[PDB]
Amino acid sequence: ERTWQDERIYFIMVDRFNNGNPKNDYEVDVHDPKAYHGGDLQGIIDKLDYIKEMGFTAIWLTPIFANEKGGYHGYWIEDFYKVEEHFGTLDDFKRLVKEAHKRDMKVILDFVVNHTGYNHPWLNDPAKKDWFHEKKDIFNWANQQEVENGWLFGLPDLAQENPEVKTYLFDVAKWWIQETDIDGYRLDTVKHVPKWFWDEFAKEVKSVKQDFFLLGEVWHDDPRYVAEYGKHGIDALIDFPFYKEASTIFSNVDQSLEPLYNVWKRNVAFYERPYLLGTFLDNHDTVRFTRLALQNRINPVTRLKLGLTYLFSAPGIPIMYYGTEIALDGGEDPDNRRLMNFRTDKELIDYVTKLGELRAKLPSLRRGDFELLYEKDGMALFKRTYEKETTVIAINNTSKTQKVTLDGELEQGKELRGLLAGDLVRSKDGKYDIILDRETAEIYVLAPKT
C-alpha cells in the first residue's frame, strides 16, 4: 500500500512556474524580480502530465491565499479564505486538485500560521489588537520564546495564545481541507510557533481527514532541535541537515559522500520516523544548486546527475524544486525564483525520469535499510535491502576511474545488473569488481548470474 515514504514531491512556486492564463497578469513584470511574473493555477494544471511523466507522485505549491501587493511568493497573506487573484479562482484550484487526483498525484499546500502580510486589515481593527504579539525584532535566537514571539522579518506575528486567533487558524485549516480535498500541508515557519499549538493543530486537521499529511519546515541544521517537532503531531520534517551536506558535496567533484551517511545515522538516532524527512539539493530560500556548481567553475549538468542520483536512491522523501531538471540558475532570493523554461535540452528531464522510475520500481529505494559499504574521497558504494531485493548504489564523485572490489558484503555467485546505465558485474570467486569512470553513477540490483 502507498505510504508517504514512497512519495516523490515536485515543488512549485506558483507565480514562477507556468503562466497558463494571461488574463490574470495584473501588473506583471518579468524584468522586476520583486513583481508578479504571471505563473498561475492553470499553468500548473497544464503541466501535470509533464510532472507525472518525471515520476513525481505529489506536488507542493507555495501558498495560494490572497496576498497584498508585492507578495508574489504567497507568504504575505491578506485574506485566508480567498485564492490570490493573480493565480486563479477557487474553482480553478478545485479543478487542479481533481486533475492531480485523476493522475494519482497528491496535492500539498503551503500553509502559514505564524504571520500575516505587512498590511493585513486586521492591523487596523481596534478589536484585533490582541491578535498580534508586540511588535519586536528577534535578537537572541537562542531564546526560543523570543523566536516564537518576535516579528520575523517585520511580519505581524500572530498570537496563538489568544483562543480567538487559535480558533480562526484551526477553522481556516479545516476549511481548505473540507472544501478542496487536498492531501496535506507543508507548514511554514514551524519553529516560530509554539509546540503546544502544533499538537492541537495536528489533532484538528486529522479530525477532518484521517490520513492528512503534515510536512514541517523547521529551519535549523541540528537534527536534535528539528526532531522534537515530530513529537508534536507533525509527520514529516524538512531535512536541512541533508540539504546542507548534499548541496555542498555534489556541487564539486572529489568530495567525500560520508557526511551524508552520518546524516542518516543521526536521523535514525534522533527521529521517530526517519524515513519521513524531506530531502533536497536546493529550495526557494537557498541559492540554486546550479549556481553552486557555476561558482566552482564546473559543469552543473554533471553535478546534478550525481546529486539527483543520491536524492532518488537515499532514504527520505525526495523534494525537487521546479527547474532543477533544466539546471536553472539563480543566486539568493529573489534570483532563485526565476520563471521556468519548458523548451530546453532534455538530458536532465530524462535522467530524473529514470531515477523516479527506479525509485518507484525498487522497494529497497523506498523502504530498504541503508548501509555504507565503501567510501573514499567521493567514491561511494551503498547497499539497501528490502525483503528479497538487494540494491547497490555506486556514485563516483571523483575525477578518476575507480575500481572497488566487494568480497563478503554481497551474496556470492550472483550478478549486479545496472539499471541506470546498463552496467553488469558478475561474481568472480565471491568478488564483485565495480568499475566506474569519473563522475558517473549506477544503481544495481542483485540478481541470478546470466
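Heads up: residue numbers just count along the shown sequence, starting at 1.
Taking the PDB entry as given, 154 to 162 carries the higher mean Cα B factor of the two stretches 323 to 331 and 154 to 162. If you average the C-alpha B-factors over 409 to 417 and over 390 to 398, the higher value belongs to 409 to 417.
Going by the entry's values, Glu148 shows the largest Cα B-factor out of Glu148, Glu245, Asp282, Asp254. Residues shown: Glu357, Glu258, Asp125, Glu84. Highest C-alpha temperature factor in the entry: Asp125.
For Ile443, the recorded CA temperature factor ranks within the lowest third of the chain's modelled residues. In this PDB entry, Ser313 carries a Cα temperature factor that places it within the lowest third of its chain's modelled residues. When the CA B factors of the chain's modelled residues are split into thirds, the value for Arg291 lands in the lowest one.
Residue-level temperature factors show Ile108 in the lowest third of its chain, judged at the C-alpha atom. Sorting the modelled residues of the chain by their CA temperature factor places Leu215 in the lowest third.
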